[PDB]
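As stored in data05.txt (compact mmCIF, C-alpha atoms and all ligand atoms):
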# COMPACT_ATOMS: atom_id res chain seq x y z
CA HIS B 1 -21.67 1.86 3.78
CA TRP B 2 -18.76 -0.39 2.55
CA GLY B 3 -16.91 -2.79 4.93
CA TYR B 4 -15.52 -6.38 5.10
CA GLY B 5 -18.96 -7.95 5.88
CA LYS B 6 -20.97 -10.59 3.94
CA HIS B 7 -22.91 -8.07 1.75
CA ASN B 8 -20.64 -4.93 1.88
CA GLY B 9 -17.28 -6.79 1.43
CA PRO B 10 -14.56 -6.67 -1.30
CA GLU B 11 -16.56 -9.03 -3.64
CA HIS B 12 -19.29 -6.27 -3.80
CA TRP B 13 -17.13 -3.04 -3.79
CA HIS B 14 -17.27 -3.05 -7.66
CA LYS B 15 -21.08 -2.27 -7.48
CA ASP B 16 -20.25 1.25 -6.04
CA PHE B 17 -16.64 1.71 -7.41
CA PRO B 18 -16.23 0.18 -10.91
CA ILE B 19 -12.38 0.74 -10.76
CA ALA B 20 -12.33 -2.28 -8.34
CA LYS B 21 -12.14 -4.31 -11.64
CA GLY B 22 -9.35 -1.98 -12.95
CA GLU B 23 -5.92 -2.71 -14.56
CA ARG B 24 -3.78 -1.47 -11.56
CA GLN B 25 -5.65 -2.86 -8.47
CA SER B 26 -3.91 -3.80 -5.15
CA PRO B 27 -3.02 -5.90 -3.31
CA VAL B 28 -1.43 -8.69 -5.49
CA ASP B 29 0.35 -12.06 -4.98
CA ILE B 30 4.18 -11.54 -5.29
CA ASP B 31 5.54 -14.52 -7.35
CA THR B 32 9.27 -14.67 -6.29
CA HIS B 33 10.06 -16.83 -9.40
CA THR B 34 8.76 -14.14 -11.87
CA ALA B 35 9.44 -10.87 -9.87
CA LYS B 36 12.79 -10.15 -11.68
CA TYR B 37 15.69 -8.13 -10.06
CA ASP B 38 16.11 -4.55 -11.44
CA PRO B 39 19.62 -2.97 -11.23
CA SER B 40 18.07 0.38 -12.45
CA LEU B 41 16.21 0.62 -9.05
CA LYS B 42 18.12 3.26 -6.95
CA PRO B 43 18.73 2.63 -3.20
CA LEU B 44 15.69 3.31 -0.92
CA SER B 45 16.00 6.39 1.42
CA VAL B 46 13.88 6.59 4.66
CA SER B 47 14.19 9.86 6.73
CA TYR B 48 11.92 9.32 9.81
CA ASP B 49 14.36 11.15 12.18
CA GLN B 50 12.33 14.40 12.71
CA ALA B 51 8.95 12.52 12.32
CA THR B 52 6.02 14.21 14.19
CA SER B 53 3.03 11.88 15.05
CA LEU B 54 -0.08 13.95 16.01
CA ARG B 55 -3.01 11.57 16.83
CA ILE B 56 -4.30 7.96 16.47
CA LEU B 57 -7.96 7.30 15.41
CA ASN B 58 -10.49 4.50 14.68
CA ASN B 59 -12.14 5.21 11.25
CA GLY B 60 -14.37 2.05 11.30
CA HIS B 61 -12.07 0.17 8.80
CA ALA B 62 -8.72 0.32 10.68
CA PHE B 63 -6.82 2.73 13.01
CA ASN B 64 -4.55 5.45 11.49
CA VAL B 65 -1.54 7.06 13.25
CA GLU B 66 -1.46 10.51 11.52
CA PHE B 67 1.69 12.70 11.12
CA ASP B 68 2.38 16.44 10.53
CA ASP B 69 3.04 16.38 6.70
CA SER B 70 3.44 20.25 6.47
CA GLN B 71 7.28 19.93 6.10
CA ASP B 72 9.85 17.36 4.78
CA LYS B 73 10.21 16.03 8.40
CA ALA B 74 9.53 12.30 7.64
CA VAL B 75 10.07 11.50 3.90
CA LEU B 76 10.60 8.49 1.57
CA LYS B 77 12.99 9.08 -1.42
CA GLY B 78 14.82 7.00 -4.09
CA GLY B 79 13.97 3.34 -4.81
CA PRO B 80 11.45 3.61 -7.72
CA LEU B 81 10.20 7.04 -6.43
CA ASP B 82 10.72 10.31 -8.39
CA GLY B 83 10.93 13.28 -5.93
CA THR B 84 10.07 13.50 -2.19
CA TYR B 85 7.11 11.57 -0.61
CA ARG B 86 5.98 12.84 2.86
CA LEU B 87 4.54 10.42 5.50
CA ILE B 88 0.87 11.39 6.27
CA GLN B 89 -0.30 8.27 8.25
CA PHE B 90 0.32 4.53 8.88
CA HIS B 91 -2.34 1.85 9.58
CA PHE B 92 -2.67 -2.00 9.55
CA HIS B 93 -4.85 -4.77 8.10
CA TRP B 94 -5.06 -7.99 10.23
CA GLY B 95 -7.08 -11.26 10.54
CA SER B 96 -9.37 -13.05 13.05
CA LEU B 97 -6.68 -15.83 13.16
CA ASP B 98 -2.82 -15.71 12.95
CA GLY B 99 -3.01 -17.74 9.66
CA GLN B 100 -4.47 -14.73 7.71
CA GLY B 101 -4.63 -10.89 7.83
CA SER B 102 -2.13 -9.51 5.23
CA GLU B 103 -3.42 -7.94 1.95
CA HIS B 104 -0.32 -8.73 -0.20
CA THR B 105 0.82 -12.42 -0.27
CA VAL B 106 4.30 -13.87 -1.21
CA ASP B 107 4.08 -17.06 -3.38
CA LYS B 108 0.45 -17.25 -2.01
CA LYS B 109 1.63 -17.12 1.73
CA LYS B 110 -0.57 -14.84 3.97
CA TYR B 111 0.88 -13.06 7.09
CA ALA B 112 -0.95 -12.37 10.43
CA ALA B 113 -1.14 -8.63 9.51
CA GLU B 114 0.27 -5.94 7.11
CA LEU B 115 1.55 -2.42 8.05
CA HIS B 116 1.05 0.38 5.44
CA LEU B 117 3.07 3.65 5.83
CA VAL B 118 1.29 6.11 3.44
CA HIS B 119 3.31 8.93 1.73
CA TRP B 120 2.27 11.51 -0.94
CA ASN B 121 4.44 13.14 -3.69
CA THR B 122 5.17 16.80 -2.62
CA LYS B 123 5.28 17.51 -6.43
CA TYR B 124 1.41 17.78 -6.28
CA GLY B 125 1.19 20.32 -3.40
CA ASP B 126 -1.33 18.37 -1.21
CA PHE B 127 -2.78 14.84 -0.64
CA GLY B 128 -6.14 15.72 -2.32
CA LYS B 129 -4.37 16.51 -5.67
CA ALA B 130 -1.89 13.59 -5.09
CA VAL B 131 -4.54 10.76 -5.13
CA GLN B 132 -5.70 11.97 -8.62
CA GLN B 133 -2.24 11.00 -10.12
CA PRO B 134 -0.71 7.58 -10.93
CA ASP B 135 2.49 8.30 -8.86
CA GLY B 136 0.57 10.49 -6.34
CA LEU B 137 1.14 8.14 -3.35
CA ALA B 138 3.86 5.70 -2.21
CA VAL B 139 2.82 3.05 0.39
CA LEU B 140 5.65 1.22 2.25
CA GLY B 141 4.13 -2.22 3.10
CA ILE B 142 5.70 -4.36 5.90
CA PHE B 143 4.50 -7.92 6.74
CA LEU B 144 3.82 -8.99 10.39
CA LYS B 145 4.61 -12.57 11.66
CA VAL B 146 3.62 -13.64 15.25
CA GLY B 147 6.87 -13.97 17.34
CA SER B 148 9.05 -11.74 19.64
CA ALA B 149 7.04 -8.60 20.70
CA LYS B 150 7.96 -5.39 18.73
CA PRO B 151 9.06 -2.76 21.32
CA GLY B 152 8.48 0.10 18.79
CA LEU B 153 4.79 -1.07 18.59
CA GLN B 154 3.94 -1.23 22.37
CA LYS B 155 3.23 2.58 22.59
CA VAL B 156 0.53 2.03 19.85
CA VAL B 157 -1.02 -1.09 21.53
CA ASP B 158 -1.19 0.73 24.95
CA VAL B 159 -3.59 3.42 23.50
CA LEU B 160 -5.94 1.08 21.45
CA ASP B 161 -8.28 0.57 24.50
CA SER B 162 -9.10 4.37 24.24
CA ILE B 163 -10.15 4.36 20.49
CA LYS B 164 -12.26 1.13 20.65
CA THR B 165 -15.24 2.34 18.52
CA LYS B 166 -15.47 4.03 15.05
CA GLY B 167 -15.00 7.85 15.27
CA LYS B 168 -12.87 7.86 18.49
CA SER B 169 -9.37 9.49 18.34
CA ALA B 170 -6.59 10.46 20.84
CA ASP B 171 -3.50 12.75 20.97
CA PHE B 172 -0.52 10.51 19.96
CA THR B 173 2.73 12.60 20.01
CA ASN B 174 6.50 11.74 19.82
CA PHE B 175 5.87 8.32 18.14
CA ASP B 176 8.99 7.06 16.29
CA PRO B 177 7.89 5.08 13.17
CA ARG B 178 11.52 3.77 12.85
CA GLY B 179 10.51 1.39 15.70
CA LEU B 180 8.28 -0.52 13.19
CA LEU B 181 10.90 -1.22 10.43
CA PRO B 182 12.97 -4.39 9.84
CA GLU B 183 16.79 -4.21 9.31
CA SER B 184 16.91 -4.83 5.47
CA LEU B 185 14.94 -2.35 3.25
CA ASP B 186 15.08 -4.99 0.40
CA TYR B 187 11.72 -4.43 -1.40
CA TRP B 188 9.47 -5.44 -4.33
CA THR B 189 7.72 -2.54 -6.20
CA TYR B 190 4.85 -2.26 -8.74
CA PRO B 191 2.23 0.37 -9.71
CA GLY B 192 -1.12 -0.27 -7.91
CA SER B 193 -4.13 1.19 -6.04
CA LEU B 194 -5.61 1.97 -2.62
CA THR B 195 -6.71 -1.41 -1.09
CA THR B 196 -9.90 0.35 0.29
CA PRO B 197 -12.65 2.32 -1.53
CA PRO B 198 -12.44 4.41 -3.55
CA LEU B 199 -9.60 2.03 -4.73
CA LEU B 200 -7.94 4.85 -6.79
CA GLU B 201 -4.97 3.59 -8.92
CA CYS B 202 -2.55 6.26 -7.51
CA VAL B 203 -0.05 4.15 -5.45
CA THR B 204 3.61 3.17 -6.07
CA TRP B 205 3.74 0.00 -3.88
CA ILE B 206 7.03 -0.78 -2.01
CA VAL B 207 6.74 -4.15 -0.12
CA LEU B 208 9.58 -5.21 2.28
CA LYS B 209 10.89 -8.82 1.91
CA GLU B 210 11.73 -8.86 5.68
CA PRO B 211 8.59 -9.24 7.88
CA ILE B 212 8.62 -7.97 11.54
CA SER B 213 7.72 -10.08 14.65
CA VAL B 214 4.80 -9.13 17.00
CA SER B 215 3.60 -11.08 20.13
CA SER B 216 0.13 -12.79 20.04
CA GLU B 217 -0.47 -10.51 23.11
CA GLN B 218 0.01 -7.40 20.83
CA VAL B 219 -2.20 -8.74 17.91
CA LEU B 220 -5.02 -9.81 20.34
CA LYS B 221 -5.24 -6.08 21.36
CA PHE B 222 -5.84 -5.19 17.61
CA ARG B 223 -8.77 -7.69 17.48
CA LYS B 224 -10.41 -6.11 20.63
CA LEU B 225 -11.22 -3.01 18.43
CA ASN B 226 -14.75 -2.33 16.97
CA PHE B 227 -15.88 -1.61 13.35
CA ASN B 228 -19.17 -0.27 14.88
CA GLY B 229 -19.76 3.22 16.36
CA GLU B 230 -20.47 3.86 20.10
CA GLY B 231 -23.86 2.43 21.30
CA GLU B 232 -24.22 0.14 18.21
CA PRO B 233 -24.24 -3.71 18.30
CA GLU B 234 -20.57 -4.83 18.66
CA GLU B 235 -18.69 -5.98 15.48
CA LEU B 236 -15.00 -6.81 16.26
CA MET B 237 -12.51 -5.14 13.83
CA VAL B 238 -10.91 -8.32 12.27
CA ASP B 239 -10.25 -9.59 8.69
CA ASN B 240 -10.09 -5.90 7.51
CA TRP B 241 -7.98 -7.06 4.48
CA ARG B 242 -8.67 -7.20 0.69
CA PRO B 243 -7.53 -10.40 -1.12
CA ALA B 244 -4.91 -10.32 -3.96
CA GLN B 245 -6.24 -8.80 -7.27
CA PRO B 246 -5.19 -9.77 -10.85
CA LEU B 247 -1.62 -8.56 -11.73
CA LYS B 248 -2.65 -8.37 -15.46
CA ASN B 249 0.19 -6.93 -17.67
CA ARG B 250 2.10 -5.31 -14.71
CA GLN B 251 5.68 -6.35 -13.70
CA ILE B 252 6.86 -6.65 -10.03
CA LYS B 253 10.53 -5.43 -9.82
CA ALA B 254 12.74 -6.76 -6.93
CA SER B 255 15.50 -4.50 -5.40
CA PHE B 256 17.80 -7.59 -4.79
CA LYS B 257 19.46 -10.49 -6.79
ZN ZN L 301 -3.72 -0.27 3.99
Can you present the structure in this file as structure tokens?
Amino acid sequence: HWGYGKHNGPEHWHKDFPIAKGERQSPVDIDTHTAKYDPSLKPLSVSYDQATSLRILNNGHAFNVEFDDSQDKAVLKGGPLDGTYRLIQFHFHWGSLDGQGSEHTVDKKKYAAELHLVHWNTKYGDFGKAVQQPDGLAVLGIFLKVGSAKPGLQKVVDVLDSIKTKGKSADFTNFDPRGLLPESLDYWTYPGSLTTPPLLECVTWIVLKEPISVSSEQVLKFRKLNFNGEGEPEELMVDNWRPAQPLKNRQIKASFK
């Protein structure tokens, strides 16, 4: 058992997964003053038009909206990416309070939550083989501030009551992930890791400058979820976020001047 608890939290993940103290760990603080613009970065392509959501599920760490990744239906191309990355699932990390909840920070500022859209490089045939490579995954990370409710998010919130406890899942079809994007795809990028065990250093990170607004009403529904399984003592699913890890020698490239 790993989690976000006192004894099984990020400070202790290294005991079971030594890579936690690796050279390419995520998330990281994005220093705007030192994250230099890169004119070599190609424009970012997002094709979520024929996207096919299948189910939503509680996995005892967050909730994942999973997609049919059998075809190039919903793909991420260009930016820093070489080849086509298929969307497999998106999930969030969020806090107990509005003041915290994001994994990545910007000049040390935390957001109320962070959205991660997970893609894998079709070059490697399947996800299993993908996570064993440095460029295997691409995660599109989008900050959440508490403001005007996100319409594209309400379909998600409306189903959360039905996957309260770890292990529960539900049919979740015809979800448009375009509903969750901001207007400017202006990003930072760097090579990093999964922010959960086994913390494999296989992720090209693409973090959007532009956060999205969500209503306190929407984020309160997130915090009504359970880490625990059915029949267990209740443990509310909150502060499911890893703090910023050392950047070390890595450079964070910005897509904008
Ligand atoms: Zn994540």
Within 8 Å of ligand ZN 301 (chain L), counting only C-alpha atoms and all ligand atoms, which protein or nucleic acid residues do you find, written as JSON, numbers by chain? {"B": [90, 91, 92, 93, 103, 114, 115, 116, 194, 195, 196]}
Residue with the minimum atom-to-atom distance to residue B:15, picked from B:136, B:177, B:2, B:142 with only C-alpha atoms counted, is B:2
Set out as CSV a contact list for stretch 198-235 of chain B and stretch 155-163 of chain B with a cut-off of 9 Å, giving each residue of stretch 198-235 of chain B that qualifies its closest atom pair and distance in Å to one decimal, counting all atoms listed in the file, ordered by chain and rising residue number.
residue,atom,partner,partner_atom,distance
B:218,CA,B:157,CA,6.4
B:219,CA,B:157,CA,8.5
B:221,CA,B:157,CA,6.5
B:222,CA,B:160,CA,7.4
B:224,CA,B:161,CA,8.0
B:225,CA,B:160,CA,7.3
B:226,CA,B:163,CA,8.8
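Interatomic distance, atom CA of residue B:245 to atom CA of residue B:113: 17.5 Å.
You can rank B:48, B:241, B:187, B:85 by their closest distance to residue B:130 using all atoms listed in the file, and at the top of that list sits B:85.
Each of B:36, B:77, B:145, B:123 was checked against residue B:109 using only C-alpha atoms; the smallest atom-to-atom distance is that of B:145.
Minimum atom-to-atom distance to residue B:8, evaluated using only C-alpha atoms, belongs to B:240 out of B:105, B:240, B:32, B:132.
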Surrounding residues of residue B:35 excluding itself and chain neighbours under 4 positions, 12 Å, all atoms listed in the file, as JSON, numbers by chain: {"B": [28, 29, 30, 31, 106, 107, 187, 188, 189, 190, 247, 250, 251, 252, 253, 254, 255, 256, 257]}
